[PDB]
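Peer 1: Dropping the structure in here first, questions after.
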Amino acid sequence: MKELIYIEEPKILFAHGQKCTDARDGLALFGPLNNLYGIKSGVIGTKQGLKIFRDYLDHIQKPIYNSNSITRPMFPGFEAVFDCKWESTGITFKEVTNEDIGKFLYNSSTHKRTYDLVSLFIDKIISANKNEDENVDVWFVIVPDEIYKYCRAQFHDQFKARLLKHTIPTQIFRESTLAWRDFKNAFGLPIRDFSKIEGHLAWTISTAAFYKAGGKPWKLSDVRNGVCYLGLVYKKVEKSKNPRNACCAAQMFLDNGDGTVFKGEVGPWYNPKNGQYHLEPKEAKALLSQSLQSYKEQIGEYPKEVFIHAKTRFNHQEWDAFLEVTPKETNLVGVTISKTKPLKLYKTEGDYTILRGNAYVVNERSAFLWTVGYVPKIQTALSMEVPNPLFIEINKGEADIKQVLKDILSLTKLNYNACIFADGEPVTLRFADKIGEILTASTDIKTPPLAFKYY
Amino acid sequence: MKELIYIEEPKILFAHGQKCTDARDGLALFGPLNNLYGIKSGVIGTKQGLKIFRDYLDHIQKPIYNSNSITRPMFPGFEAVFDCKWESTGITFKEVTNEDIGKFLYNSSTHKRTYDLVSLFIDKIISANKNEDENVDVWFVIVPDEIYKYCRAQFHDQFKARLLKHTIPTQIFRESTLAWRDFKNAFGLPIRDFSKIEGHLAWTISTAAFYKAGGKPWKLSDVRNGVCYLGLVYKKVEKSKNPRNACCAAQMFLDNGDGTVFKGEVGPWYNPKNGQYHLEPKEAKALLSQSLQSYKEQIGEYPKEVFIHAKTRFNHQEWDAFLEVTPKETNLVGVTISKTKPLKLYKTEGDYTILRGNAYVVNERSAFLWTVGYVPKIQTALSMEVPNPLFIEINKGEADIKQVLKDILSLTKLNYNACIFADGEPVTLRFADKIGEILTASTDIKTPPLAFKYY
Amino acid sequence: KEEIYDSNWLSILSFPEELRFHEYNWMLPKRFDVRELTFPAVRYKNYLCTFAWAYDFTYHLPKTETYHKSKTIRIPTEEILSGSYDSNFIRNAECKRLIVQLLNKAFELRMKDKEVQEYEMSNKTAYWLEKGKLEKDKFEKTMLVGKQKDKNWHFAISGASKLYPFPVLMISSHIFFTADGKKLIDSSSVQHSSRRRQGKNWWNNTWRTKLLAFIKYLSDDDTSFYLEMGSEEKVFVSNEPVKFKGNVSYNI
Amino acid sequence: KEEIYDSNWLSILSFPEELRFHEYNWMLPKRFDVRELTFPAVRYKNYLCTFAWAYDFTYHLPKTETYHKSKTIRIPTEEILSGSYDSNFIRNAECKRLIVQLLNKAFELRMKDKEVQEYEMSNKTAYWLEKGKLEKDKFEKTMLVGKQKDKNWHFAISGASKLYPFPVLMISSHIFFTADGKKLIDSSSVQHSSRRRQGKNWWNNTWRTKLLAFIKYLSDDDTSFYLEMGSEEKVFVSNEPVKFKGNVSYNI
RNA sequence: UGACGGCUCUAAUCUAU
DNA sequence: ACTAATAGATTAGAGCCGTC
RNA sequence: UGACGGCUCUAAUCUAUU
DNA sequence: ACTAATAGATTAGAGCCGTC
């Protein structure tokens, strides 16, 4: 009998001053906000690394019409939807033979072989970036199946961590992913078969690769001015360094004139040493005193109200430290996000589960919201089975729970890394997780870059 | 009665392999060797300084008529010539105020004030490179006239040395260079009057702005197979530290199966303390081996011939070191380029001076060569006054001197900083000069980017 | 466009009378265990909390017959329902924590009373059924146990008590498997692997109906059911979930 | 085709029989100077490199009358152009260095003997003619000294012996300015500025003819000019430049 | 530093007392 | 011991200019 | 690491009661 | 003092599948 308040879909803004609700269908008709001319890509891998990449990419410029769907049965060509030309021409290739990578494949020590695998990969990248007159835009690393099947800490985390000092955006693929037809499961069809979803599969590669190189594919439209979105995740470090050490990541959603700035403040804070996910007052002020200045040097003022996010609820110890370094016109407020309330909702008719966006409010402080479900714009469920509703409650300070719930929705819509209709969590935490994931792989990073293209 | 041998101008390649001895004309008729779509250009400078750049980026766009095509060729335009797009679209700006510049300009201590001004530009350029979602191919620095008029070490040398650690191509423009019409001498016409020459002044800037960001305009076709060339300059650093220190720099000019860009193995050796410009055997092995080693990664075998171009005369204590780190089938040669030989030929008939490509052979070891003056191909005088011939003497090693003079013309062919008919000093020496000066501005360089666009 | 909206929660439409604290001074040693007891009770300081009488625990603890009702502390549950308790002897958060301890403890005791066999998960206990208590392997025309490939699947529930929104029983439904009914497959990977394989062939309506079917068989009356934490007082929980109001239906 | 070329080099046709060394051992003064000597002689160690005899310098050096011809180490001039002579006393490279040293001293002596005013410099010393020495400063119907605005420019030449290709007089030409031809200006920057002012209207034909005219004035005979390296011995240097036969030509 | 000539003006080094 | 020795011969700096 | 779900399985912390 | 305590109530890893 308890009513559920429906939150209208967060509204994203496109180029030409044009405005569409969905992103990937909006990106099908209309294009990016910024024009990037071409993309001077680079490819590093084995001899077959090119052939899988050249055949795939040279197949990806044409319109690959996705088949047997109403959700997203199309892809209207790369350059047509992006107004940027980038193809097999301009592919700068560095060769990693099979022998040298093979000699690093059969090592027993996993720690050194993971570090050696990335060392040979990036040393070609670093040398090519510096000691080559031809300018690359972003690299596309290709590794074969046996590499991570045998050697794999995490190779992906180690790879991105070591390149942050040189600020060279990259991307990692595999023969299983691109040439899904090449490797075939001998006792059936290919394991990762995605032919039915192949058309909009290419949407994801075509989107992030755009973002890694000056890409501004879509922009938020419902962001109010003067509000700061500070997503604060708590990531742990365990391997080769002390387990009871917690770090932090910080995002931004400021608006300068027109335009949403989405640079991720890193300034990693290894101060928590007790294994608890809380910030000492010494560096607690360091969050805002660095973040607020970034607002000041970008806007020329201080925000009138800041929405700070966290996967873990705060305590009174932090809030006194947070507000004491803020003036009397920038009321702090602490929103905590929790994907741990396994509530489940059902409906009488239809094999379909519940639609997306219908939110239930518990009281003036707490509410439930469904980021995923039976999205109607695609006529199919975003999450096929019953999902977990997000439990968004306001912890410290005061704010209107109606708009906070809307703003959380106003964060899930964009995901430059994933060409999806809607994400299951606000990106001020999702991209916060990736920053913490990568910044923790290497331990000699100082003043790391803030742009998301490097992750 | 002394006979003057003549060597014809060396051939150069262009798009699809064109036969055009001239570079500017060759680029006008035929595009560069590779296409690069558009160039994403960022700008840093004074607020008003941007406006004069916004004036210039369209002046380049339209064709500019220099003079008679025989005298100075016409400029078709960046899109027409380079097959690349370069305009106000995509320009990224970073405001620099004037009040801080003035308060730095009003200090009697030049050393720290010069350090302060470049730092003012640097903190803008560094942060914009890392913490920004926009891909920038090359940045352009616009410096107010009052800076170098009253407060200049040297600003340009200090600027590139520090930016070198982060690998961003930068170009420096002065208000005087661009706003020549605006700035005017009150007692006459503008001091910077180049309206008659304005046609080509755009070209050299455009060619520079091409090579700064992935530029591969032309490649000499006369490069002998399986050979390499080394330049050498002995720069000096008097910037405090020890009372004297002689530096060094070098580049390779190897060849591949089809075309070969050239980079500079600098790896500076500040060891010389006595002030005599000579290389100790300890470092000489490192230079040649590294140049010899770097050839291996490109072709797989040692180069059949390596040429050591240098402004000074090799001492016998040094040339032993080079040979002993060299295989027994790749004979070394040592040539010296001297401008301190006061010889000047004249023509009894005709008011104009001698032409290019004519050499006087004093003996099989040493010869004279002219690279500057009134060329009959464009029937204009590069030097209005009488030229000074290049002195080439094979100080060490032995090879046919006709080949060296024939090859040394090919080095004179290209100077990517200024697209002219032919450089008056071989490319391996002038490019050695700047790379030496840039790295001597600061003594805190560990590994310098090996390419040229960063200088 | 509007939608009737049922959930996976389970409201507590009647809460027991009051919290009874036992002054069990020196009656119990430190080495004592209470998880074996058929009634939900945990120790706090020198006290024991429950909703039943002292002699209710004497069947398994004959020594405890000397306890007198004059040493009992009574705290009303509906006082904690509003979250209005404020005392230095025990905090409201401790009071709410104490209740959810009892309700979680009470649920399994009734669960082990019912002829539904259990399973040990990572952090909680599920309850799966077996062929033998069913008609035509179905309940209320809903397939409650099925046979797939060479194995058979079993519906299961995992309920926990929460107090923040309101007194409610919060169930979690998930599938478990056996080789021939009597014995399950003792490999976690394969048991999970088959779960996704059979789980991905299901939909929203069938997931809801099986969950509701298990409660209906678990229900003791048509309107609701009573959890028999004790033989005298009980926690009554509706057999129908906490319904909601969905004011938006599907659009085409 | 056929392009004749005239350089800025003057070959020497002839050299004397030998160069004379004077051993002033334990008999030269400690404050001995050789600059004031009217003949080109350079003193080093005990030897005195020159071409004149001992009695030639006795005019101001009566103490050199004790010198006797035995210690006159005469080195033939035939060895220099081939470098055959190799001695521990004087190295072969030193004979070339000694010869070029004394010739430049002989060169500056002859300019002082001529009525030509000097312009001293850090490395070299050009020689320029003052107006009114010859009519309208036009030698061989060729402009030599002119008056531009209030500034007057005088042709000047700097020469130094160079032997590496062959023994040749290797001369350079540059312009010098004054106020009225008698007072040098101390403004070197203006001197440079005026030099660039004068150079903005010159080309090859006026560059060579002006240099060619200047050496013609310095000629002692029709086809050469000597140097007073000795009271009876001289070096004859062609007043015409060495001709270059460039058989590759292009139109003017 | 737009760039590349040409000079100017300093300075130091090595080769011999 | 080198003290500077006065020149040849090399080399680099930093100025300034032009632009047939 | 294409990317998103979904559970399953482990691990830890603060709160009191021992 | 801390001792491991047994369920809370929070927390992150991490592997595993389906599916877009």
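Chain labels follow the order of the structure tokens: the first chain is A, the next B, and so on; residue numbering restarts at 1 in every chain, and ligands are counted from 1 in their shown order.
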From a DSSP pass on the backbone, collect the residues of region 175-289 of chain A flagged as helix (DSSP H, G or I) and hand them back as an NGL selection string.

Peer 2: :A and (198-212 or 281-289)

Peer 1: Taking 5 positions as the minimum chain separation for residues in the same chain, which residues sit within 10 Å of region 13-15 of chain H when counting only C-alpha atoms (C1' of nucleotides)? Answer as a PyMOL selection string.

Peer 2: (chain A and resi 236+238) or (chain C and resi 189) or (chain G and resi 8-11)

Peer 1: Compute the post-superposition RMSD of the C-alpha atoms of chain B relative to chain A, with atoms paired in order and the fit done by least squares.

Peer 2: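 C-alpha RMSD after optimal superposition stands at 1.0 Å.
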
Peer 1: Using only C-alpha atoms (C1' of nucleotides), can you tell me which of D:195, D:200, D:216, D:245 comes closest to residue 16 (chain F)?

Peer 2: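 Selected residue with least distance to residue 16 (chain F): D:195.
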
Peer 1: Could I get the residues of region 51-135 of chain C with an atom no further than 12 Å from an atom of region 13-17 of chain G, each paired with its nearest atom pair and that distance in Å to one decimal, using only C-alpha atoms (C1' of nucleotides), sorted by chain and residue number, as a Markdown table?

Peer 2:
| residue | atom | partner | partner_atom | distance |
| --- | --- | --- | --- | --- |
| C:89 | CA | G:16 | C1' | 11.3 |
| C:90 | CA | G:16 | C1' | 9.1 |
| C:91 | CA | G:16 | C1' | 9.3 |
| C:92 | CA | G:16 | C1' | 11.6 |
| C:93 | CA | G:15 | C1' | 9.4 |
| C:94 | CA | G:16 | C1' | 7.1 |
| C:95 | CA | G:16 | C1' | 10.5 |
| C:97 | CA | G:16 | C1' | 9.6 |
| C:98 | CA | G:16 | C1' | 10.2 |

Peer 1: Go ahead and save the picked residues with C-alpha atoms, as a JSON list (two decimals), in the first residue's frame.

Peer 2:
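Writing done, so here's part_13.json:
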[["chain", "number", "residue", "atom", "x", "y", "z"],
["C", 89, "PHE", "CA", 21.46, 0.51, 31.37],
["C", 90, "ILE", "CA", 20.93, -0.47, 27.71],
["C", 91, "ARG", "CA", 20.85, 1.75, 24.63],
["C", 92, "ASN", "CA", 18.05, 1.78, 22.07],
["C", 93, "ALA", "CA", 20.47, 0.55, 19.39],
["C", 94, "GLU", "CA", 21.35, -2.35, 21.68],
["C", 95, "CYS", "CA", 17.62, -2.94, 22.24],
["C", 97, "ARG", "CA", 20.04, -5.21, 18.00],
["C", 98, "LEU", "CA", 18.80, -7.56, 20.72]]

Peer 1: Chain C least-squares fit onto chain D, all C-alpha atoms in order: RMSD in Å?

Peer 2: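 The superposed chains show a C-alpha RMSD of 1.2 Å.
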
Peer 1: Using only C-alpha atoms (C1' of nucleotides) and a cut-off of 8 Å, which residues of chain C sit close to chain G? Please list them as number ranges by chain.

Peer 2: C: 30, 43-45, 94, 122, 192

Peer 1: Starting from chain A, keep only residues with some atom at most 6 Å from an atom of chain B, counting only C-alpha atoms, and report them as a PyMOL selection string.

Peer 2: chain A and resi 37-38+130-135+213-214+449-451

Peer 1: Write to file, as a PDB file, in the first residue's frame, the residues of the selection just made, with N, CA and C atoms.

Peer 2:
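Full text of part21.pdb as output:
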ATOM      1  N   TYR A  37      38.348  15.646 -35.525  1.00  0.00           N
ATOM      2  CA  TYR A  37      38.995  15.409 -36.824  1.00  0.00           C
ATOM      3  C   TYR A  37      39.277  13.911 -36.925  1.00  0.00           C
ATOM      4  N   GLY A  38      40.526  13.465 -36.801  1.00  0.00           N
ATOM      5  CA  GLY A  38      40.844  12.057 -36.820  1.00  0.00           C
ATOM      6  C   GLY A  38      41.439  11.572 -35.505  1.00  0.00           C
ATOM      7  N   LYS A 130      58.014   8.673 -27.006  1.00  0.00           N
ATOM      8  CA  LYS A 130      59.088   9.659 -26.954  1.00  0.00           C
ATOM      9  C   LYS A 130      59.940   9.628 -28.217  1.00  0.00           C
ATOM     10  N   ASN A 131      60.493   8.465 -28.548  1.00  0.00           N
ATOM     11  CA  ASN A 131      61.489   8.363 -29.613  1.00  0.00           C
ATOM     12  C   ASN A 131      60.860   8.038 -30.966  1.00  0.00           C
ATOM     13  N   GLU A 132      59.832   8.789 -31.351  1.00  0.00           N
ATOM     14  CA  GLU A 132      59.203   8.626 -32.655  1.00  0.00           C
ATOM     15  C   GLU A 132      58.600   9.958 -33.075  1.00  0.00           C
ATOM     16  N   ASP A 133      58.895  10.371 -34.307  1.00  0.00           N
ATOM     17  CA  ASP A 133      58.372  11.626 -34.828  1.00  0.00           C
ATOM     18  C   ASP A 133      56.886  11.567 -35.156  1.00  0.00           C
ATOM     19  N   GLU A 134      56.328  10.378 -35.368  1.00  0.00           N
ATOM     20  CA  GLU A 134      54.915  10.236 -35.689  1.00  0.00           C
ATOM     21  C   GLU A 134      54.105  10.214 -34.399  1.00  0.00           C
ATOM     22  N   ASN A 135      53.084  11.064 -34.330  1.00  0.00           N
ATOM     23  CA  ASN A 135      52.323  11.263 -33.104  1.00  0.00           C
ATOM     24  C   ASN A 135      51.168  10.271 -33.023  1.00  0.00           C
ATOM     25  N   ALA A 213      40.545   9.651 -26.334  1.00  0.00           N
ATOM     26  CA  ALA A 213      41.221  10.659 -27.152  1.00  0.00           C
ATOM     27  C   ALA A 213      40.304  11.869 -27.312  1.00  0.00           C
ATOM     28  N   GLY A 214      40.339  12.769 -26.332  1.00  0.00           N
ATOM     29  CA  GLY A 214      39.640  14.039 -26.440  1.00  0.00           C
ATOM     30  C   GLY A 214      38.145  13.930 -26.630  1.00  0.00           C
ATOM     31  N   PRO A 449      47.740  12.209 -12.769  1.00  0.00           N
ATOM     32  CA  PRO A 449      46.811  12.959 -13.620  1.00  0.00           C
ATOM     33  C   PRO A 449      45.365  12.693 -13.238  1.00  0.00           C
ATOM     34  N   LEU A 450      44.514  13.677 -13.528  1.00  0.00           N
ATOM     35  CA  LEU A 450      43.125  13.661 -13.091  1.00  0.00           C
ATOM     36  C   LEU A 450      42.142  13.264 -14.183  1.00  0.00           C
ATOM     37  N   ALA A 451      42.497  13.440 -15.453  1.00  0.00           N
ATOM     38  CA  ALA A 451      41.578  13.129 -16.539  1.00  0.00           C
ATOM     39  C   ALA A 451      41.279  11.637 -16.590  1.00  0.00           C
TER      40      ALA A 451
END

Peer 1: Counting only C-alpha atoms (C1' of nucleotides), give me one row per residue of chain B with an atom at most 7 Å from an atom of chain F, showing the shortest contact pair and its distance in Å to one decimal, sorted by chain then residue number, as JSON lines.

Peer 2:
{"residue": "B:380", "atom": "CA", "partner": "F:20", "partner_atom": "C1'", "distance": 6.9}
{"residue": "B:381", "atom": "CA", "partner": "F:20", "partner_atom": "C1'", "distance": 6.6}
{"residue": "B:384", "atom": "CA", "partner": "F:20", "partner_atom": "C1'", "distance": 6.6}

Peer 1: Output N, CA and C atoms for every residue in the selection just made, as a JSON list (two decimals), in the first residue's frame.

Peer 2:
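selection.json written:
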[["chain", "number", "residue", "atom", "x", "y", "z"],
["B", 380, "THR", "N", 67.05, 34.20, -57.05],
["B", 380, "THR", "CA", 67.14, 35.16, -55.97],
["B", 380, "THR", "C", 68.32, 34.81, -55.07],
["B", 381, "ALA", "N", 68.81, 35.81, -54.35],
["B", 381, "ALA", "CA", 69.98, 35.64, -53.48],
["B", 381, "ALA", "C", 69.50, 35.31, -52.07],
["B", 384, "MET", "N", 72.29, 38.23, -49.55],
["B", 384, "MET", "CA", 72.53, 39.37, -50.42],
["B", 384, "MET", "C", 74.02, 39.65, -50.55]]

Peer 1: Would you give me, as a ChimeraX atom specification, the residues in region 353-383 of chain B that DSSP reads as strand (DSSP E)?

Peer 2: /B:358-361,366-369,374-375,380-381

Peer 1: Could you please take those selected residues and save C-alpha atoms as a PDB file, in the first residue's frame?

Peer 2:
ATOM      1  CA  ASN B 358      79.802  23.753 -56.983  1.00  0.00           C
ATOM      2  CA  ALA B 359      82.745  22.395 -55.006  1.00  0.00           C
ATOM      3  CA  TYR B 360      86.500  22.970 -55.070  1.00  0.00           C
ATOM      4  CA  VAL B 361      88.602  19.936 -54.137  1.00  0.00           C
ATOM      5  CA  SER B 366      89.528  18.044 -47.979  1.00  0.00           C
ATOM      6  CA  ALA B 367      87.361  20.197 -50.227  1.00  0.00           C
ATOM      7  CA  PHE B 368      85.259  23.359 -50.319  1.00  0.00           C
ATOM      8  CA  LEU B 369      81.516  23.515 -50.880  1.00  0.00           C
ATOM      9  CA  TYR B 374      72.117  33.386 -55.280  1.00  0.00           C
ATOM     10  CA  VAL B 375      70.591  30.150 -56.599  1.00  0.00           C
ATOM     11  CA  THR B 380      67.143  35.164 -55.969  1.00  0.00           C
ATOM     12  CA  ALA B 381      69.978  35.645 -53.479  1.00  0.00           C
TER      13      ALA B 381
END

Peer 1: Can you tell me how far CA of residue 311 (chain A) sits from CA of residue 83 (chain C), in Å to one decimal?

Peer 2: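 It comes out at 25.9 Å.
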
Peer 1: At a cut-off of 10 Å, using only C-alpha atoms (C1' of nucleotides), what residues contact region 149-164 of chain D? Leave out same-chain residues fewer than 4 positions from it and give the result as a compact mmCIF listing (two decimals) with N, CA and C atoms, in the first residue's frame.

Peer 2:
# COMPACT_ATOMS: atom_id res chain seq x y z
N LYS B 341 86.78 29.82 -42.65
CA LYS B 341 87.73 29.84 -43.76
C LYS B 341 87.39 31.04 -44.64
N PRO B 342 88.03 32.19 -44.41
CA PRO B 342 87.72 33.37 -45.22
C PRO B 342 88.15 33.25 -46.68
N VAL B 362 90.45 20.73 -52.77
CA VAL B 362 91.85 21.03 -52.51
C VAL B 362 92.70 19.77 -52.62
N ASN D 8 89.32 35.97 -53.05
CA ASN D 8 90.03 36.95 -52.25
C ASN D 8 91.39 36.45 -51.81
N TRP D 9 92.06 35.67 -52.66
CA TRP D 9 93.34 35.07 -52.33
C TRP D 9 94.40 35.57 -53.30
N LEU D 10 95.57 35.91 -52.77
CA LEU D 10 96.70 36.38 -53.55
C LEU D 10 97.86 35.40 -53.37
N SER D 11 98.17 34.65 -54.42
CA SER D 11 99.26 33.69 -54.34
C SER D 11 100.61 34.40 -54.34
N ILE D 80 109.34 24.53 -46.93
CA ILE D 80 108.05 24.89 -46.34
C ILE D 80 106.90 24.35 -47.18
N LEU D 81 106.93 24.57 -48.49
CA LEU D 81 105.80 24.20 -49.33
C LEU D 81 105.61 22.69 -49.41
N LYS D 96 106.07 26.44 -40.66
CA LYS D 96 104.91 27.06 -41.28
C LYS D 96 104.31 28.12 -40.36
N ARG D 97 104.19 27.82 -39.07
CA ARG D 97 103.63 28.78 -38.13
C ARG D 97 104.54 29.99 -37.97
N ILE D 99 106.60 31.13 -40.29
CA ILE D 99 106.59 31.88 -41.54
C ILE D 99 105.36 32.77 -41.62
N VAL D 100 104.18 32.22 -41.32
CA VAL D 100 102.96 33.02 -41.38
C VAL D 100 102.97 34.11 -40.32
N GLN D 101 103.57 33.84 -39.16
CA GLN D 101 103.67 34.86 -38.12
C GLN D 101 104.45 36.07 -38.60
N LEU D 102 105.65 35.84 -39.14
CA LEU D 102 106.50 36.95 -39.54
C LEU D 102 105.96 37.68 -40.76
N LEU D 103 105.26 36.98 -41.65
CA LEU D 103 104.73 37.64 -42.84
C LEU D 103 103.65 38.65 -42.47
N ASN D 104 102.78 38.29 -41.53
CA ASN D 104 101.77 39.23 -41.06
C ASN D 104 102.42 40.44 -40.41
N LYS D 105 103.48 40.22 -39.63
CA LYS D 105 104.26 41.34 -39.11
C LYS D 105 104.89 42.14 -40.24
N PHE D 107 103.53 42.28 -43.13
CA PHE D 107 102.39 42.92 -43.77
C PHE D 107 102.03 44.23 -43.08
N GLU D 108 101.91 44.20 -41.75
CA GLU D 108 101.56 45.42 -41.03
C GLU D 108 102.66 46.47 -41.14
N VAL D 116 98.74 54.75 -45.03
CA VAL D 116 97.44 54.15 -44.76
C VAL D 116 97.23 54.12 -43.25
N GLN D 117 96.08 54.60 -42.80
CA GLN D 117 95.75 54.62 -41.38
C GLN D 117 95.11 53.31 -40.96
N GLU D 118 95.47 52.85 -39.77
CA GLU D 118 95.06 51.54 -39.27
C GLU D 118 93.81 51.67 -38.41
N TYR D 119 93.12 50.54 -38.25
CA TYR D 119 92.03 50.40 -37.30
C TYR D 119 92.30 49.16 -36.47
N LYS D 124 92.33 41.23 -35.49
CA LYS D 124 92.94 41.64 -36.75
C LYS D 124 93.18 43.14 -36.79
N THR D 125 93.58 43.66 -37.95
CA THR D 125 93.81 45.09 -38.11
C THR D 125 93.62 45.42 -39.58
N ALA D 126 92.49 46.02 -39.92
CA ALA D 126 92.23 46.44 -41.29
C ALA D 126 92.92 47.77 -41.57
N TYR D 127 93.10 48.07 -42.86
CA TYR D 127 93.82 49.25 -43.29
C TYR D 127 92.95 50.02 -44.27
N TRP D 128 92.74 51.31 -44.00
CA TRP D 128 91.83 52.13 -44.77
C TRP D 128 92.52 53.42 -45.18
N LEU D 129 92.14 53.92 -46.36
CA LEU D 129 92.72 55.14 -46.91
C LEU D 129 91.88 56.35 -46.53
N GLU D 130 92.57 57.44 -46.22
CA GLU D 130 91.94 58.70 -45.86
C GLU D 130 91.64 59.51 -47.11
N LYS D 131 90.51 60.21 -47.10
CA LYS D 131 90.09 60.98 -48.26
C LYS D 131 91.10 62.08 -48.59
N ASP D 137 88.94 59.97 -54.21
CA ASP D 137 89.01 58.61 -53.68
C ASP D 137 88.46 57.59 -54.68
N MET D 143 84.94 53.48 -57.25
CA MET D 143 84.65 54.09 -55.96
C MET D 143 85.41 53.39 -54.84
N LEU D 144 86.01 54.18 -53.96
CA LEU D 144 86.74 53.62 -52.82
C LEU D 144 86.31 54.20 -51.48
N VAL D 145 86.07 55.51 -51.41
CA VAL D 145 85.63 56.17 -50.18
C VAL D 145 84.50 57.13 -50.52
N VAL D 168 99.48 31.44 -49.81
CA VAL D 168 98.58 32.40 -50.44
C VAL D 168 98.29 33.51 -49.44
N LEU D 169 98.10 34.72 -49.96
CA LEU D 169 97.66 35.85 -49.15
C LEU D 169 96.14 35.84 -49.13
N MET D 170 95.57 35.69 -47.94
CA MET D 170 94.16 35.36 -47.77
C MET D 170 93.50 36.54 -47.05
N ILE D 171 92.82 37.39 -47.82
CA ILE D 171 92.46 38.72 -47.37
C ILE D 171 90.94 38.83 -47.27
N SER D 172 90.49 39.69 -46.35
CA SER D 172 89.08 39.95 -46.13
C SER D 172 88.81 41.45 -46.21
N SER D 173 87.60 41.80 -46.63
CA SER D 173 87.22 43.18 -46.88
C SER D 173 86.04 43.56 -45.99
N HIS D 174 86.12 44.74 -45.38
CA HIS D 174 85.02 45.28 -44.58
C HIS D 174 85.13 46.79 -44.56
N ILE D 175 84.03 47.44 -44.20
CA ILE D 175 83.89 48.89 -44.31
C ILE D 175 84.13 49.52 -42.94
N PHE D 176 84.69 50.73 -42.94
CA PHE D 176 84.90 51.50 -41.73
C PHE D 176 84.43 52.93 -41.94
N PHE D 177 84.00 53.56 -40.84
CA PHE D 177 83.36 54.87 -40.89
C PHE D 177 84.03 55.82 -39.91
N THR D 178 83.86 57.12 -40.18
CA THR D 178 84.38 58.18 -39.33
C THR D 178 83.39 59.34 -39.37
N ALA D 179 83.83 60.50 -38.89
CA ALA D 179 83.07 61.74 -39.01
C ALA D 179 83.53 62.55 -40.21
N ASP D 180 84.82 62.90 -40.25
CA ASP D 180 85.41 63.62 -41.38
C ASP D 180 86.60 62.89 -41.99
N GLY D 181 86.80 61.62 -41.66
CA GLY D 181 87.92 60.86 -42.16
C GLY D 181 89.16 60.89 -41.30
N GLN D 191 79.01 51.96 -35.63
CA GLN D 191 79.93 51.47 -36.65
C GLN D 191 79.38 50.21 -37.31
N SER D 194 76.21 51.44 -39.17
CA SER D 194 76.61 52.06 -40.43
C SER D 194 77.11 51.02 -41.42
N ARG D 195 77.86 50.02 -40.93
CA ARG D 195 78.35 48.97 -41.82
C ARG D 195 77.20 48.24 -42.50
N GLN D 198 75.75 50.59 -45.09
CA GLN D 198 76.50 50.65 -46.33
C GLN D 198 76.32 49.38 -47.16
N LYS D 210 85.78 46.53 -55.88
CA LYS D 210 86.31 47.34 -54.80
C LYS D 210 87.51 46.68 -54.15
N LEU D 211 87.41 45.38 -53.86
CA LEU D 211 88.55 44.65 -53.33
C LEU D 211 89.68 44.58 -54.35
N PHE D 214 91.52 47.89 -54.49
CA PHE D 214 92.31 48.23 -53.31
C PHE D 214 93.70 47.61 -53.39
N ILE D 215 93.78 46.34 -53.79
CA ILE D 215 95.09 45.69 -53.90
C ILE D 215 95.89 46.29 -55.05

Peer 1: Would you mind listing, as a PyMOL selection string, all residues of chain E that have at least one atom within 9 Å of chain B, where only C-alpha atoms (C1' of nucleotides) are what counts?

Peer 2: chain E and resi 1-6+12-14

Peer 1: Go ahead and compute the interatomic distance for CA of residue 21 (chain A) and CA of residue 339 (chain A), in Å to one decimal.

Peer 2: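 Going from CA of residue 21 (chain A) over to CA of residue 339 (chain A), I get 25.6 Å.
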
Peer 1: Write out as a PyMOL selection string which residues come within 10 Å of residue 439 (chain B) when counting only C-alpha atoms (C1' of nucleotides), dropping same-chain ones fewer than 6 positions away.

Peer 2: chain B and resi 157-158+160-162+164+235+237+247-249+266-268+445+448+455
